[PDB]
>>> print(open('coords_28.cif').read())   # mmCIF, C-alpha atoms and all ligand atoms
data_protein
loop_
_atom_site.label_atom_id
_atom_site.label_comp_id
_atom_site.auth_asym_id
_atom_site.auth_seq_id
_atom_site.Cartn_x
_atom_site.Cartn_y
_atom_site.Cartn_z
CA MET A 1 -25.17 -0.12 -3.95
CA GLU A 2 -27.94 2.34 -4.80
CA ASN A 3 -26.04 5.20 -3.16
CA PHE A 4 -23.71 5.06 -6.16
CA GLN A 5 -24.53 5.37 -9.84
CA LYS A 6 -21.39 3.31 -10.44
CA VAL A 7 -19.01 4.21 -13.22
CA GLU A 8 -17.22 0.86 -13.69
CA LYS A 9 -14.96 -1.91 -12.41
CA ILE A 10 -11.40 -0.68 -12.64
CA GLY A 11 -9.28 -3.55 -11.37
CA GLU A 12 -8.87 -6.52 -9.05
CA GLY A 13 -6.79 -6.29 -5.92
CA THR A 14 -5.53 -9.15 -3.76
CA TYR A 15 -8.39 -8.50 -1.32
CA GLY A 16 -11.07 -7.56 -3.79
CA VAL A 17 -12.31 -5.77 -6.85
CA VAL A 18 -12.10 -1.99 -7.04
CA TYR A 19 -14.83 0.12 -8.67
CA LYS A 20 -14.95 3.77 -9.66
CA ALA A 21 -18.30 5.09 -8.48
CA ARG A 22 -20.25 8.32 -8.12
CA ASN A 23 -21.98 9.05 -4.83
CA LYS A 24 -25.34 10.00 -6.44
CA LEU A 25 -26.03 12.13 -3.37
CA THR A 26 -22.84 14.19 -3.17
CA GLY A 27 -21.89 13.47 -6.79
CA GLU A 28 -18.52 12.53 -5.36
CA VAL A 29 -16.37 10.22 -7.48
CA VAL A 30 -14.68 7.60 -5.33
CA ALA A 31 -12.99 4.22 -5.52
CA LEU A 32 -15.13 1.50 -4.04
CA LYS A 33 -13.38 -1.71 -3.04
CA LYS A 34 -15.54 -4.75 -2.28
CA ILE A 35 -13.84 -7.10 0.17
CA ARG A 36 -14.45 -10.80 -0.45
CA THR A 41 -17.07 -17.03 3.22
CA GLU A 42 -18.15 -16.61 6.85
CA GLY A 43 -19.72 -13.18 7.25
CA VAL A 44 -16.93 -10.61 7.68
CA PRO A 45 -14.74 -10.69 10.85
CA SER A 46 -15.37 -8.16 13.61
CA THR A 47 -11.74 -7.57 14.60
CA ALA A 48 -11.07 -6.68 10.98
CA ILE A 49 -13.84 -4.11 10.66
CA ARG A 50 -12.52 -2.39 13.75
CA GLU A 51 -8.92 -2.44 12.59
CA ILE A 52 -9.72 -1.30 9.05
CA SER A 53 -12.03 1.34 10.45
CA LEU A 54 -9.06 2.76 12.34
CA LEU A 55 -7.36 3.31 8.99
CA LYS A 56 -9.97 5.98 8.23
CA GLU A 57 -7.94 8.19 10.57
CA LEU A 58 -4.83 7.87 8.39
CA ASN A 59 -4.15 11.31 6.91
CA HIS A 60 -1.14 11.83 4.71
CA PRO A 61 -0.57 13.38 1.29
CA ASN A 62 0.96 10.12 0.06
CA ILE A 63 -1.71 7.79 1.40
CA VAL A 64 -4.96 7.29 -0.53
CA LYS A 65 -7.65 8.47 1.89
CA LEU A 66 -9.98 5.76 3.20
CA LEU A 67 -13.28 7.67 3.33
CA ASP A 68 -15.54 4.95 4.68
CA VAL A 69 -15.71 1.35 5.78
CA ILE A 70 -19.17 -0.04 5.13
CA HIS A 71 -20.30 -3.40 6.48
CA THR A 72 -23.48 -4.72 4.86
CA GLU A 73 -25.12 -7.89 3.53
CA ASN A 74 -22.16 -9.79 4.96
CA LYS A 75 -19.91 -7.73 2.70
CA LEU A 76 -17.28 -5.12 3.44
CA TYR A 77 -16.80 -2.06 1.26
CA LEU A 78 -13.95 0.36 1.56
CA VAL A 79 -14.62 3.78 0.06
CA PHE A 80 -11.42 5.51 -1.04
CA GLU A 81 -10.66 8.88 -2.53
CA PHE A 82 -10.28 8.31 -6.23
CA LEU A 83 -7.07 8.87 -8.21
CA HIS A 84 -7.09 8.51 -11.99
CA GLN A 85 -4.26 6.19 -12.74
CA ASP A 86 -2.29 3.44 -11.04
CA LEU A 87 1.46 3.15 -11.40
CA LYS A 88 1.25 -0.13 -13.29
CA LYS A 89 -0.78 1.58 -16.00
CA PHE A 90 1.50 4.60 -16.00
CA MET A 91 4.59 2.40 -16.39
CA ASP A 92 2.99 0.50 -19.26
CA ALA A 93 2.12 3.81 -20.91
CA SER A 94 5.65 5.11 -20.29
CA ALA A 95 7.36 1.88 -21.38
CA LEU A 96 8.53 3.31 -24.71
CA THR A 97 10.29 6.35 -23.30
CA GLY A 98 10.63 5.39 -19.65
CA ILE A 99 9.61 7.57 -16.71
CA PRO A 100 12.07 10.45 -16.44
CA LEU A 101 14.45 9.98 -13.53
CA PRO A 102 13.28 13.16 -11.80
CA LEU A 103 9.75 11.76 -11.75
CA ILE A 104 10.84 8.29 -10.67
CA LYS A 105 12.83 10.01 -7.93
CA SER A 106 9.89 12.18 -6.95
CA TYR A 107 7.58 9.18 -6.84
CA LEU A 108 10.01 7.11 -4.77
CA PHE A 109 10.53 9.98 -2.30
CA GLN A 110 6.78 10.44 -1.90
CA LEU A 111 6.22 6.71 -1.57
CA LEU A 112 8.87 6.54 1.16
CA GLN A 113 7.15 9.47 2.87
CA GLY A 114 3.89 7.53 2.78
CA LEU A 115 5.54 4.39 4.13
CA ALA A 116 7.46 6.35 6.76
CA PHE A 117 4.11 7.77 7.85
CA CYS A 118 2.27 4.45 7.97
CA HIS A 119 5.15 2.61 9.58
CA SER A 120 5.46 5.29 12.25
CA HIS A 121 1.79 4.61 12.95
CA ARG A 122 2.37 0.88 13.16
CA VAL A 123 0.55 0.29 9.89
CA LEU A 124 2.05 -2.02 7.31
CA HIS A 125 0.92 -2.54 3.82
CA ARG A 126 2.30 -6.08 3.20
CA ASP A 127 1.05 -6.31 -0.39
CA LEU A 128 2.60 -3.33 -2.10
CA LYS A 129 2.64 -3.41 -5.87
CA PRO A 130 2.41 -0.95 -8.75
CA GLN A 131 -1.37 -1.29 -8.90
CA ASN A 132 -1.54 -0.20 -5.24
CA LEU A 133 0.18 3.06 -6.13
CA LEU A 134 -2.03 5.77 -7.57
CA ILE A 135 -1.00 8.98 -9.25
CA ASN A 136 -2.73 12.20 -10.15
CA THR A 137 -2.07 14.93 -12.69
CA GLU A 138 -0.25 17.10 -10.16
CA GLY A 139 2.75 14.87 -9.57
CA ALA A 140 1.53 13.21 -6.38
CA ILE A 141 1.62 9.47 -5.90
CA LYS A 142 -0.22 7.69 -3.10
CA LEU A 143 -0.26 4.22 -1.59
CA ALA A 144 -3.64 2.57 -1.23
CA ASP A 145 -4.80 -0.48 0.75
CA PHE A 146 -2.56 -0.47 3.77
CA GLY A 147 -3.32 -2.65 6.76
CA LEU A 148 -5.58 -5.07 4.87
CA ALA A 149 -3.33 -8.12 5.13
CA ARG A 150 -2.86 -7.54 8.85
CA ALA A 151 -6.60 -7.14 9.36
CA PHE A 152 -7.83 -9.98 7.15
CA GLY A 153 -4.77 -12.17 6.77
CA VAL A 154 -3.08 -13.10 3.49
CA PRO A 155 -5.35 -15.12 1.12
CA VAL A 156 -3.94 -17.49 -1.53
CA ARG A 157 -6.34 -17.53 -4.49
CA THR A 158 -8.97 -14.84 -5.12
CA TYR A 159 -12.63 -15.87 -5.40
CA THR A 160 -12.46 -15.23 -9.15
CA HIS A 161 -9.13 -17.07 -9.36
CA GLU A 162 -6.67 -14.35 -10.33
CA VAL A 163 -2.89 -14.68 -10.60
CA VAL A 164 -1.62 -13.32 -7.27
CA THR A 165 1.40 -11.04 -7.75
CA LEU A 166 4.47 -12.53 -6.03
CA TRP A 167 6.92 -10.17 -7.71
CA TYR A 168 7.08 -7.69 -4.85
CA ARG A 169 7.10 -10.12 -1.97
CA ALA A 170 10.04 -9.87 0.45
CA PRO A 171 12.20 -12.97 0.84
CA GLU A 172 11.29 -13.44 4.50
CA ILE A 173 7.68 -13.85 3.44
CA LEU A 174 8.71 -16.30 0.72
CA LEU A 175 10.74 -18.23 3.28
CA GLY A 176 7.69 -18.66 5.50
CA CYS A 177 8.31 -16.16 8.26
CA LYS A 178 5.15 -15.96 10.32
CA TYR A 179 5.98 -12.45 11.51
CA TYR A 180 6.13 -9.46 9.17
CA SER A 181 7.91 -6.19 9.77
CA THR A 182 7.90 -2.82 8.08
CA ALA A 183 10.81 -4.18 6.06
CA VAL A 184 8.53 -6.11 3.72
CA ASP A 185 7.17 -2.83 2.36
CA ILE A 186 10.61 -1.38 1.78
CA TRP A 187 11.47 -4.52 -0.20
CA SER A 188 8.31 -4.19 -2.31
CA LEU A 189 9.07 -0.51 -2.89
CA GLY A 190 12.66 -1.40 -3.86
CA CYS A 191 11.28 -3.80 -6.47
CA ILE A 192 8.92 -1.11 -7.76
CA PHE A 193 11.73 1.44 -7.86
CA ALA A 194 13.83 -1.00 -9.93
CA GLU A 195 10.88 -1.57 -12.21
CA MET A 196 10.25 2.14 -12.84
CA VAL A 197 13.92 2.45 -13.72
CA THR A 198 14.37 -0.56 -15.98
CA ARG A 199 10.80 -0.71 -17.26
CA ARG A 200 10.76 -4.37 -16.42
CA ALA A 201 9.81 -6.15 -13.22
CA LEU A 202 12.91 -6.90 -11.18
CA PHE A 203 11.86 -10.37 -9.93
CA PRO A 204 8.98 -11.63 -12.11
CA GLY A 205 8.58 -15.02 -10.43
CA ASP A 206 6.13 -17.52 -11.93
CA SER A 207 5.77 -19.38 -8.65
CA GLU A 208 6.83 -18.96 -5.06
CA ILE A 209 10.02 -20.96 -5.55
CA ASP A 210 10.73 -19.28 -8.89
CA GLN A 211 10.17 -15.93 -7.14
CA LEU A 212 12.63 -16.88 -4.44
CA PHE A 213 15.18 -18.27 -6.89
CA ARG A 214 14.96 -15.23 -9.14
CA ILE A 215 15.82 -13.20 -6.06
CA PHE A 216 18.65 -15.61 -5.20
CA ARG A 217 20.03 -15.58 -8.73
CA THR A 218 20.28 -11.81 -8.64
CA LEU A 219 21.21 -11.04 -5.03
CA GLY A 220 22.95 -14.31 -4.34
CA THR A 221 21.54 -17.13 -2.24
CA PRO A 222 21.41 -15.75 1.29
CA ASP A 223 23.45 -17.44 3.97
CA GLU A 224 24.01 -16.96 7.69
CA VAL A 225 26.62 -14.30 7.02
CA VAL A 226 24.39 -11.84 5.17
CA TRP A 227 21.21 -12.92 6.91
CA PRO A 228 21.63 -14.46 10.38
CA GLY A 229 18.85 -16.90 11.08
CA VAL A 230 17.98 -17.41 7.43
CA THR A 231 18.87 -21.14 7.47
CA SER A 232 16.29 -21.59 10.24
CA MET A 233 13.45 -19.92 8.35
CA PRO A 234 10.34 -22.11 8.08
CA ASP A 235 10.67 -22.77 4.37
CA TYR A 236 14.42 -22.58 4.07
CA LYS A 237 15.85 -25.71 2.46
CA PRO A 238 19.55 -26.51 2.70
CA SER A 239 19.05 -27.85 -0.80
CA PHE A 240 18.55 -24.34 -2.19
CA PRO A 241 21.02 -23.83 -5.04
CA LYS A 242 23.81 -21.49 -4.05
CA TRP A 243 24.02 -18.60 -6.54
CA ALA A 244 26.73 -15.98 -6.14
CA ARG A 245 25.54 -12.38 -5.94
CA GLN A 246 25.44 -10.66 -9.33
CA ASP A 247 27.31 -7.43 -9.93
CA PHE A 248 24.66 -4.91 -8.89
CA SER A 249 25.36 -2.46 -11.75
CA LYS A 250 23.78 -5.17 -13.88
CA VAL A 251 20.49 -5.01 -11.93
CA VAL A 252 19.21 -1.49 -12.63
CA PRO A 253 21.25 0.09 -15.41
CA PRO A 254 21.56 2.86 -16.14
CA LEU A 255 20.70 4.05 -12.60
CA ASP A 256 23.49 6.10 -11.00
CA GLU A 257 25.39 4.93 -7.89
CA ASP A 258 23.17 6.94 -5.50
CA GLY A 259 20.10 5.18 -6.81
CA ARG A 260 21.83 1.84 -6.97
CA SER A 261 23.13 2.36 -3.45
CA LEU A 262 19.70 3.25 -2.10
CA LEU A 263 18.17 0.31 -3.94
CA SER A 264 20.72 -2.11 -2.57
CA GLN A 265 19.77 -0.93 0.94
CA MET A 266 16.09 -1.47 0.24
CA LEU A 267 16.87 -4.96 -1.02
CA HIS A 268 19.05 -6.21 1.83
CA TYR A 269 18.09 -9.79 2.62
CA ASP A 270 18.02 -9.29 6.39
CA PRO A 271 14.81 -7.37 7.24
CA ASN A 272 16.89 -5.91 10.06
CA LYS A 273 19.56 -4.45 7.77
CA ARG A 274 17.01 -3.34 5.18
CA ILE A 275 16.79 0.43 5.16
CA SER A 276 13.78 2.04 6.84
CA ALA A 277 11.52 4.45 4.95
CA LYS A 278 12.67 7.26 7.25
CA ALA A 279 16.35 6.47 6.73
CA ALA A 280 15.79 6.10 3.00
CA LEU A 281 14.37 9.63 2.84
CA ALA A 282 17.78 10.93 3.95
CA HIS A 283 19.66 9.01 1.29
CA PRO A 284 21.86 11.19 -0.97
CA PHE A 285 19.78 10.00 -3.92
CA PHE A 286 17.11 12.48 -2.85
CA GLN A 287 19.43 15.44 -2.41
CA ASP A 288 18.09 16.90 -5.67
CA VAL A 289 14.55 15.57 -5.57
CA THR A 290 11.89 17.78 -7.11
CA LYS A 291 8.23 17.26 -7.91
CA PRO A 292 7.80 16.95 -11.70
CA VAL A 293 4.45 16.91 -13.46
CA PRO A 294 3.75 13.56 -15.13
CA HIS A 295 2.42 13.41 -18.67
CA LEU A 296 -0.79 11.60 -17.82
CA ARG A 297 -3.24 10.45 -20.48
CA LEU A 298 -6.55 9.84 -18.76
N1 LIG A 301 -7.32 4.99 -11.15
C1 LIG A 301 -7.31 3.96 -10.42
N2 LIG A 301 -7.07 2.78 -11.03
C2 LIG A 301 -7.07 1.72 -10.19
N3 LIG A 301 -6.85 0.57 -10.77
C3 LIG A 301 -6.68 -0.59 -10.20
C4 LIG A 301 -7.54 -1.07 -9.15
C5 LIG A 301 -7.32 -2.35 -8.57
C6 LIG A 301 -6.26 -3.16 -9.04
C7 LIG A 301 -5.41 -2.70 -10.08
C8 LIG A 301 -5.62 -1.42 -10.65
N4 LIG A 301 -7.29 1.78 -8.85
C9 LIG A 301 -7.52 3.02 -8.37
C10 LIG A 301 -7.74 3.16 -7.00
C11 LIG A 301 -7.62 2.01 -6.15
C12 LIG A 301 -7.82 2.13 -4.75
CL1 LIG A 301 -7.68 0.74 -3.75
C13 LIG A 301 -8.14 3.38 -4.17
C14 LIG A 301 -8.26 4.54 -5.00
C15 LIG A 301 -8.06 4.44 -6.41
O1 LIG A 301 -8.18 5.56 -7.17
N5 LIG A 301 -7.54 4.15 -9.12
#
>>> encode(input="coords_28.cif", output="structure tokens", more="lines below")
Ligand SMILES: Nc1nc(Nc2ccccc2)nc(-c2cc(Cl)ccc2O)n1
Amino acid sequence: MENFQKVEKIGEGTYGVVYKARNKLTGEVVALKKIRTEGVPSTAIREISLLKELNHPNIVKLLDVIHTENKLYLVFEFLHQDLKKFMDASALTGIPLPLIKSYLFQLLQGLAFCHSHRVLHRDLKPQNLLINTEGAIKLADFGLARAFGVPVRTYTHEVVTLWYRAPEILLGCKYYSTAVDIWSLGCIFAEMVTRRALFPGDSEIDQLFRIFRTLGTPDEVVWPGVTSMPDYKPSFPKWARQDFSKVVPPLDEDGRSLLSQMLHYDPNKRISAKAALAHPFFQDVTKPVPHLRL
């Protein structure tokens, strides 16, 4: 748009490309996300518009929702680096535990906030998490999947990230709950710790089986109703659960304990963001300053 003297394309999200842009007028630097056709649903514009009211220190502010030329643009406050990039840049030394802990605590605060407002993210991933020089981390792009509905293959054909998808989604559950975000966050937490994606599935079944190989194939004991899930197949191989200390070494028992609660198979047993905030793991949480190279 002419209102912006655009800076550049900075990434591609599940629902569209994100641009860094300068509001010529105000000179404001923002993140502009172009939503991907029919002509842009009306129910969606209303629902996404409601997200403009979301105000929380750990939620990237949605400044505007612009509908034009049969195209939807979301204008977001701009943060300089996404967690994926930070993790790649910190892959040699790892993110200090205090920072990982700070980030997780803040992320849980953001989710607790959104969930308490009946807003789910549904597609949480490192690239959706933005950090700034002052130690804050924020979640961006909530409520998009619930407003537009999950795609399948971007217009530009880009490898959709399945790594953070909760098993109930993989098993074809038509109804999502706040639990899917906790699962995604658990996966991200594990990744910050180990510096490697926890469940880097190549496909939907590989994603599911990687989960099964690590957490054990779920059954009716650990997850009542799982054998009735839409995509559940009795033919699924039955893997025994792996010793959990093997999953995120060298994370201490508090962290491993919290993580195990975030990764419970049953969305109903999975810890809530609010409950997670009270976990002993955060007893000594602080807010460290990240070494950010912008
Ligand atoms: N620094 C920075 N990088 C990126 N990269 C990125 C974008 C899309 C996919 C993957 C990475 N995205 C943002 C960003 C994104 C949104 Cl939604 C809202 C505000 C933002 O500041 N910011």
>>> residues_near_ligand(input="coords_28.cif", ligand="ligand LIG 301 (chain A)", cutoff="10 Å", atoms="only C-alpha atoms and all ligand atoms", output="PDB file with C-alpha atoms, in the coordinates of the input")
ATOM      1  CA  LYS A   9     -14.960  -1.910 -12.410  1.00  0.00           C
ATOM      2  CA  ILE A  10     -11.400  -0.680 -12.640  1.00  0.00           C
ATOM      3  CA  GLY A  11      -9.280  -3.550 -11.370  1.00  0.00           C
ATOM      4  CA  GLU A  12      -8.870  -6.520  -9.050  1.00  0.00           C
ATOM      5  CA  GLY A  13      -6.790  -6.290  -5.920  1.00  0.00           C
ATOM      6  CA  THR A  14      -5.530  -9.150  -3.760  1.00  0.00           C
ATOM      7  CA  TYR A  15      -8.390  -8.500  -1.320  1.00  0.00           C
ATOM      8  CA  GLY A  16     -11.070  -7.560  -3.790  1.00  0.00           C
ATOM      9  CA  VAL A  17     -12.310  -5.770  -6.850  1.00  0.00           C
ATOM     10  CA  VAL A  18     -12.100  -1.990  -7.040  1.00  0.00           C
ATOM     11  CA  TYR A  19     -14.830   0.120  -8.670  1.00  0.00           C
ATOM     12  CA  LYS A  20     -14.950   3.770  -9.660  1.00  0.00           C
ATOM     13  CA  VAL A  29     -16.370  10.220  -7.480  1.00  0.00           C
ATOM     14  CA  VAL A  30     -14.680   7.600  -5.330  1.00  0.00           C
ATOM     15  CA  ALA A  31     -12.990   4.220  -5.520  1.00  0.00           C
ATOM     16  CA  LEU A  32     -15.130   1.500  -4.040  1.00  0.00           C
ATOM     17  CA  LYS A  33     -13.380  -1.710  -3.040  1.00  0.00           C
ATOM     18  CA  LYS A  34     -15.540  -4.750  -2.280  1.00  0.00           C
ATOM     19  CA  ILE A  63      -1.710   7.790   1.400  1.00  0.00           C
ATOM     20  CA  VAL A  64      -4.960   7.290  -0.530  1.00  0.00           C
ATOM     21  CA  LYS A  65      -7.650   8.470   1.890  1.00  0.00           C
ATOM     22  CA  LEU A  66      -9.980   5.760   3.200  1.00  0.00           C
ATOM     23  CA  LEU A  78     -13.950   0.360   1.560  1.00  0.00           C
ATOM     24  CA  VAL A  79     -14.620   3.780   0.060  1.00  0.00           C
ATOM     25  CA  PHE A  80     -11.420   5.510  -1.040  1.00  0.00           C
ATOM     26  CA  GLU A  81     -10.660   8.880  -2.530  1.00  0.00           C
ATOM     27  CA  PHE A  82     -10.280   8.310  -6.230  1.00  0.00           C
ATOM     28  CA  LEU A  83      -7.070   8.870  -8.210  1.00  0.00           C
ATOM     29  CA  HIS A  84      -7.090   8.510 -11.990  1.00  0.00           C
ATOM     30  CA  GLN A  85      -4.260   6.190 -12.740  1.00  0.00           C
ATOM     31  CA  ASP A  86      -2.290   3.440 -11.040  1.00  0.00           C
ATOM     32  CA  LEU A  87       1.460   3.150 -11.400  1.00  0.00           C
ATOM     33  CA  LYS A  88       1.250  -0.130 -13.290  1.00  0.00           C
ATOM     34  CA  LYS A  89      -0.780   1.580 -16.000  1.00  0.00           C
ATOM     35  CA  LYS A 129       2.640  -3.410  -5.870  1.00  0.00           C
ATOM     36  CA  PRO A 130       2.410  -0.950  -8.750  1.00  0.00           C
ATOM     37  CA  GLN A 131      -1.370  -1.290  -8.900  1.00  0.00           C
ATOM     38  CA  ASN A 132      -1.540  -0.200  -5.240  1.00  0.00           C
ATOM     39  CA  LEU A 133       0.180   3.060  -6.130  1.00  0.00           C
ATOM     40  CA  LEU A 134      -2.030   5.770  -7.570  1.00  0.00           C
ATOM     41  CA  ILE A 135      -1.000   8.980  -9.250  1.00  0.00           C
ATOM     42  CA  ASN A 136      -2.730  12.200 -10.150  1.00  0.00           C
ATOM     43  CA  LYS A 142      -0.220   7.690  -3.100  1.00  0.00           C
ATOM     44  CA  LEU A 143      -0.260   4.220  -1.590  1.00  0.00           C
ATOM     45  CA  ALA A 144      -3.640   2.570  -1.230  1.00  0.00           C
ATOM     46  CA  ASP A 145      -4.800  -0.480   0.750  1.00  0.00           C
ATOM     47  CA  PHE A 146      -2.560  -0.470   3.770  1.00  0.00           C
ATOM     48  CA  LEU A 298      -6.550   9.840 -18.760  1.00  0.00           C
TER      49      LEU A 298
END
>>> closest_residue(input="coords_28.cif", among="A:163, A:1, A:76, A:175", to="residue 229 of chain A", atoms="only C-alpha atoms")
A:175
>>> closest_residue(input="coords_28.cif", among="A:200, A:217, A:291, A:297", to="residue 252 of chain A", atoms="all atoms listed in the file")
A:200
>>> atom_distance(input="coords_28.cif", atom1="atom CA of residue 67 of chain A", atom2="atom CA of residue 53 of chain A")
9.6 Å
>>> closest_residue(input="coords_28.cif", among="A:233, A:225, A:21, A:196", to="residue 102 of chain A", atoms="all atoms listed in the file")
A:196
>>> residues_around(input="coords_28.cif", residues="residue 191 of chain A", least_positions_apart="5", cutoff="9 Å", atoms="all atoms listed in the file", output="ChimeraX atom specification")
/A:129,167-169,186,196,201-203,263,266-267
>>> atom_distance(input="coords_28.cif", atom1="atom CA of residue 260 of chain A", atom2="atom CA of residue 284 of chain A")
11.1 Å
>>> closest_residue(input="coords_28.cif", among="A:274, A:149, A:176, A:219", to="residue 232 of chain A", atoms="all atoms listed in the file")
A:176
>>> closest_residue(input="coords_28.cif", among="A:197, A:123, A:54, A:140", to="residue 95 of chain A", atoms="all atoms listed in the file")
A:197
>>> residues_around(input="coords_28.cif", residues="residue 262 of chain A", least_positions_apart="3", cutoff="9 Å", atoms="all atoms listed in the file", output="VMD selection string")
chain A and resid 190 257 to 259 265 to 267 275 280 283 to 285
>>> residues_around(input="coords_28.cif", residues="residue 273 of chain A", least_positions_apart="3", cutoff="12 Å", atoms="all atoms listed in the file", output="list in words")
residues 181, 182, 183, 184, 186, 187, 226, 227, 228, 264, 265, 266, 267, 268, 269, 270, 276 and 279 of chain A
>>> atom_distance(input="coords_28.cif", atom1="atom CA of residue 100 of chain A", atom2="atom CA of residue 287 of chain A")
16.6 Å
>>> residues_around(input="coords_28.cif", residues="residue 104 of chain A", least_positions_apart="3", cutoff="10 Å", atoms="all atoms listed in the file", output="list in words")
residues 98, 99, 100, 101, 107, 108, 109, 110, 193, 194, 195, 196, 197, 289, 291, 292 and 294 of chain A
>>> closest_residue(input="coords_28.cif", among="A:24, A:278, A:237, A:245", to="residue 209 of chain A", atoms="only C-alpha atoms")
A:237
>>> residues_around(input="coords_28.cif", residues="residue 128 of chain A", least_positions_apart="6", cutoff="8 Å", atoms="all atoms listed in the file", output="CSV table (one decimal) with C-alpha atoms, in the coordinates of the input")
chain,number,residue,atom,x,y,z
A,168,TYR,CA,7.1,-7.7,-4.8
A,185,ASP,CA,7.2,-2.8,2.4
A,188,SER,CA,8.3,-4.2,-2.3
A,189,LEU,CA,9.1,-0.5,-2.9
